[PDB]
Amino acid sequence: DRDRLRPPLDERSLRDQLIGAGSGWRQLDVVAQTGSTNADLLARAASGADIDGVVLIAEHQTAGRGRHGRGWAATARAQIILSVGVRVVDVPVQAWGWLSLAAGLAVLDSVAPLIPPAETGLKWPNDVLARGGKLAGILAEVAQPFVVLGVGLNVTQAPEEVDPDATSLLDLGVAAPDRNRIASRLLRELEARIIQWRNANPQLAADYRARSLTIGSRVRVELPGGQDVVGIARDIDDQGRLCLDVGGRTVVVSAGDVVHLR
């Protein structure tokens, strides 16, 4: 079936392309299997390792982490599953939220040319959507002085294997997606967006708003704690928070699950 469309990654090739002069990535490893790539890089940092510019890719992930204590499902070689380490202590804590949004933007731009149906872009905070389905999910976790950015991108992953609301490049029409080429594109896009975030480049916010599916749409936001708030998304502030219009009132949300309404 789709197993024939899932060749292994080439670690040697990825290292040659992404490690060296002109690139900020210092280390890249491809593991056959792990519990969570995010947990692994957090564990390295917890033992005193400098994980800035360190890339960890897993062919398979058995205990993936989602946001708010949720999970992330995967089968072998069906996704691009990676985590990167980013030094953030040199940047004001108020702006750390934008690092998360920058990652989603990079993932989208890396695969966008391959895909162009309706509802294709970014859902606040870190959802890469295409044709209404979730193509990629991003998780950012703090381990001072670092932030670990995790990316789960469905390449050939069937929705029936992971989640009914999911989608993949293959299910979007991409017959033979090359994970080696896509992973390379993703990490080069990611490096650029991280640099932009670090230097507070205005283009980062401008580019995000251009790909936003949430801004200008009627939304139901499910807040931490179980409360729901219905309004219209208007903008993103300087902290990466979602600005909602609720009957003329402004409600700023730092975290929550967004559902685009009719």
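Numbering starts at 1 and runs along the sequence shown.
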| property | result |
| --- | --- |
| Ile115-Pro116 interval: deposited residues absent from the model | 1 to 3 |
| Which of 166-174 and 76-84 has higher mean CA B factor, as the PDB entry lists it | 166-174 |
| Mean C-alpha B-factor comparison - 226-234 and 190-198, higher one | 226-234 |
| Top residue by Cα temperature factor, when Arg26, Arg220, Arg70, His60 are compared in the entry | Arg70 |
| Third of chain Cα B-factors occupied by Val91 | highest |
| B-factor third for the C-alpha atom of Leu101 within its chain | middle |
| Chain thirds of CA B-factor: placement of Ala140 | middle |
| Cα B factor band for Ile215 (lowest, middle or highest third within the chain) | lowest |
| Third of the chain's Cα B-factor distribution that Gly132 belongs to, per the entry | highest |
